[PDB]
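# Coordinate inspection notes
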Amino acid sequence: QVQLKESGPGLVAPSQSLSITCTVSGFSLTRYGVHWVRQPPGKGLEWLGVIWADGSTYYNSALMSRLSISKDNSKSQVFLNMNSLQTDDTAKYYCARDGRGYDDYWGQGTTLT
Amino acid sequence: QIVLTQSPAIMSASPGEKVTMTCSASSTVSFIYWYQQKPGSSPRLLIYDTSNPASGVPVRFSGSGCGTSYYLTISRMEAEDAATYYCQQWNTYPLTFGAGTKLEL
Amino acid sequence: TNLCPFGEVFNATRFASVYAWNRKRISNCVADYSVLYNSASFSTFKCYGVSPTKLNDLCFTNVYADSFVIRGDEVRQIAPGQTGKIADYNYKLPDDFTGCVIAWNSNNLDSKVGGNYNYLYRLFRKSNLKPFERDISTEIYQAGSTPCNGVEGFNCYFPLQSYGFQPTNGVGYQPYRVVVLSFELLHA
Ligand SMILES: *[C@@H]1O[C@H](CO)[C@@H](O)[C@H](O)[C@H]1NC(C)=O
């Protein structure tokens, strides 16, 4: 099936760093675009989004230190890393793809902190 | 653009008690997309431009709006349980996600 | 005697693509251009056979309004007498004309993140049109001696292609909205 799947979600630690990867199958990262959205516990979601064919980047953030996209463009996975993300962020992290329209598919990953 | 949302707290006595959804926006927005969520687990499913449905959703929906304020109306059955709604704008960056909370029991 | 109004023509939303454009007819109303003079912020006016002074106290026999969504190079193309894809294929406009032409830039509304594909234009034609006529057709284009038999194949193309307008668009490429009016000075 056309699929998005979530891989190595972050797990509890005293150390405030967290890592998560998402993996895509049945379409190439060179053929469509995938968008990344985050939810704090007890709150609405928060967004980072970019539109590309490949290799392009777009960002807006309230903070961007250490922050830019991280990607393993063999189709294997997309990766996130932050020093303090455990306290700051990421009760759940979500992996999502967009097309021209009405072809939009969502995957959900759960991050332990 | 920042967008602002209102919601009631309400107790029903039957279906057919009509329901309205509203969003208000700080500045002109031309295109909006319409989404419903069930509590507890959060897959995402979409109702798109011209308010046409995606696959796998009931036929009774219609949406039309006015600037800085968007409305779609629903009448009957499972939406009474199932509906929580988010509104998002796709005309220019950043794509603000919006916030709120809604419930019926 | 009462307002027309112009606001339903100009201000309204989701107007037509370049082909299958639309024609509207206006009668029996006050001109009252002064509200347009005050309100307008339009980045171009050009008028042919008339001037913006000596424009009140004129009676126009018929009024027609035509609306378009366009890419800025076409905004220069829309002048009479030119050449180019538009002037050859779509919306040919004659040098003998009495109107005035208005344009303002809609990028805050018409453009789309991921492109606004719904704006459609035609790339090949066997001959070039006379002024003010439409085509709404499809007959698959043949680019060889052999037929492609009404189906896709070798040297065989669908005549229709989609514009894209985005954030951080090329400032000359990005979308424009253009309105044209035609007048004759023969009767009240
Ligand atoms: C266009 O419509 C909007 C709708 O709110 C209105 O505020 C504005 O005054 C209108 N513009 C003109 C020129 O009539």
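Residues numbered from 1 in each chain as written, not as in the entry; some residues may be left out. Chains lettered and ligands numbered in written order. Heavy atoms only, no water.

In its metadata, the entry names cryo-EM as the structure determination method and reports 3.16 Å as the resolution.

### Details of the interface of chain B and chain A
Which entries qualify depends on this criterion: What makes two residues a contact is simply this: any of their non-hydrogen atoms within 4.5 Å. The term buried area denotes the loss of accessible surface (1.4 Å probe radius) that occurs when two parts are joined, taken as the sum for both partners. The term salt bridge refers to a side-chain nitrogen of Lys or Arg lying within 4 Å of a carboxyl oxygen of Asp or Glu. Counting of polar contacts relies on pairs of N or O atoms within 3.5 Å, with two restrictions inside protein: one atom must be capable of donating a hydrogen and the other of accepting it, and residues adjacent in sequence are counted only when both atoms are side-chain atoms. Basically, the charged four are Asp, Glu, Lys and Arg, the nonpolar ten are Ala, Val, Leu, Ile, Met, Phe, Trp, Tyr, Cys and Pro, and anything else, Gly included, counts as polar.
Every contact between the two is made by 11 residues of chain B and, on the other side, 13 residues of chain A. Interface of chain B and chain A: buried area, both sides summed, is about 1,300 Å²; carbon and sulfur atoms make up 68% of it. When the buried area of chain B at its contact with chain A is split by residue, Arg44(B), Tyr93(B) and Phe97(B) rank highest and sum to 42% of it. At the boundary of chain B and chain A, one finds zero salt bridges. Our count for the contact surface shared by chain B and chain A stands at one residue pair in polar contact. Residue composition of the side of chain B that touches chain A, by class: eight nonpolar, two polar and one charged.

### Some remarks on the interface of chain B and chain C
Note: interface size is frequently given as the accessible area lost on complex formation between the parts. Contacts between the two partners involve 10 residues from chain B and, on the opposite side, nine residues from chain C. Both faces combined, the contact of chain B with chain C buries some 790 Å², and carbon together with sulfur accounts for 52% of it. Sorting the residues of chain B by area buried against chain C places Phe31(B), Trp90(B) and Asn91(B) first, and these three jointly supply 48% of that buried surface. One can count zero salt bridges joining chain B with chain C. For the side of chain B that touches chain C, the class distribution of residues is five nonpolar, four polar and one charged.

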